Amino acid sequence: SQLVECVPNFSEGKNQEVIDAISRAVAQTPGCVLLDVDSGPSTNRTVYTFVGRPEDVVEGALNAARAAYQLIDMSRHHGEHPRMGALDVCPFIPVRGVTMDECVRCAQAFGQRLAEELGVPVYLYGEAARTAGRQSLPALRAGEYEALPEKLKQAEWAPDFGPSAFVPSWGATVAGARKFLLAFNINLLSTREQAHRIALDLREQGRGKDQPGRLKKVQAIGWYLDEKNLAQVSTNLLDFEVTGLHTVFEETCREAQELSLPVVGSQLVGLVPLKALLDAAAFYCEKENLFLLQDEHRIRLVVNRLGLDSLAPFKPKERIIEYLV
């Protein structure tokens, strides 16, 4: 039984009617099981996480996109999270009995069909990228929605699928394939400027080719959320096996400490693979010379050390993918 995870992000995190309509589009698609919907009002973005056979998740992603096309007007969208499209990024991840190559095929099929139906520009990223410059989502997203009109007039920005036209209500969509990614935000009582400084010091790309960051396979930016009245170092762990949750958290804490800024827990966006939490547990057990044999205790430990309950209760059975599937 082949299983692929699809984690599309949409530029709407305030209007519950719109959020729910997109949820129904996914959940009502044959073969698709919606596992999570995580929306934020200040970030003004929602990530949907669902699974199913390769061909089924492609159909689910398209049904979601079609609903979004009617309900989201990018010309009026603003939020803390970077974005350039109503359906900003649509990734396909291999979960079981599926190769990364097939997921790339799913991304290509999805992208082609999305572009054809809506007449919008679509870019391929990650393992589906046609060129090294399009591998990175932040690179493709540079300048955001506001920069599209100018970018679309340049040959180098010719989309992988669709016309090089600026469609006000939609913008541009990025589609691709990749391994599991962890969207992890670290809370700090600081200014957005201080949080961003830390983000730039830690993210692999740093401040530029001549100014690399400290952590490999980590993307990050800093912001402030009116909703929670606090700043966050928002990160993406592209390969937790290379750089895990504990490492990103501990390094952020260190940098914050150097500036006399306090870290106050964290927030996982969407779902997380069990191993990412167990890897972190192993780290703290070694650092603290602990001895635990139960996974529930390992998880309880990590949840407390990273402060994953800070903004809302962290329920393992609802957040760990292996516990949901």
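Each residue number is its position in the shown sequence, starting from 1.
Between 231-239 and 69-77, it is 69-77 that carries the larger average Cα temperature factor according to the deposited entry. When the mean C-alpha temperature factors of 250-258 and 177-185 are read from the deposited coordinates, 250-258 comes out higher. Of the candidates 167, 84, 220, 89, the deposited coordinates give 167 the top C-alpha B factor.
The PDB entry assigns residue 286 a C-alpha temperature factor belonging to the highest third of its chain's modelled residues.
When the modelled residues of the chain are ordered by C-alpha B-factor, residue 292 sits in the highest third. Sorting the modelled residues of the chain by their CA temperature factor places residue 17 in the highest third. Annotation for residue 307: CA B-factor lies in the lowest third of the chain's modelled residues. Per the deposited record, the Cα B-factor of residue 245 falls in the lowest third when ranked against the other modelled residues of its chain.
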